[PDB]
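Novice: enclosed are the sequence and the experimentally obtained structure.
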Amino acid sequence: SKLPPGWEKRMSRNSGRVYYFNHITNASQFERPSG
């Protein structure tokens, strides 16, 4: 909803755990990122 720029909310396909990935830095993180 109110996520920072560059980060995107995605969902796994094997299990189904929601996570955040950055298309700019090309990395994922489970912990709510900041900026």
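Specialist: Great, that's in hand. Residues are numbered from 1 along each chain as shown.
Novice: ok, residue 32 - how many residues close by?
Specialist: Residue 32 has 9 neighbours, counted by other C-beta atoms under 10 Å. (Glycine included, C-beta is placed from N, CA and C.)
Novice: er, residue 2 I mean
Specialist: 3.
Novice: backbone dihedrals for it, please?
Specialist: Per-residue torsions, residue 2: phi -110, psi 50 (degrees, to the nearest 10).
Novice: bridge partners for the residue nearest to the spatial centre of the chain, pull those for me.
Specialist: Taking C-alpha atoms, centre = their mean as the criterion, residue 20 is the residue nearest the geometric centre of the chain, at 0.7 Å. Residue 20 has the following beta-bridge partners by DSSP bridges: residue 9, residue 29.
Novice: residues contacting it?
Specialist: Taking C-beta atoms under 8 Å, 6 or more residues apart in numbering as the criterion, residue 20 is in contact with 3, 7, 8, 9, 10, 28, 29, 30, 32, 33.
Novice: good, we can wrap up now.
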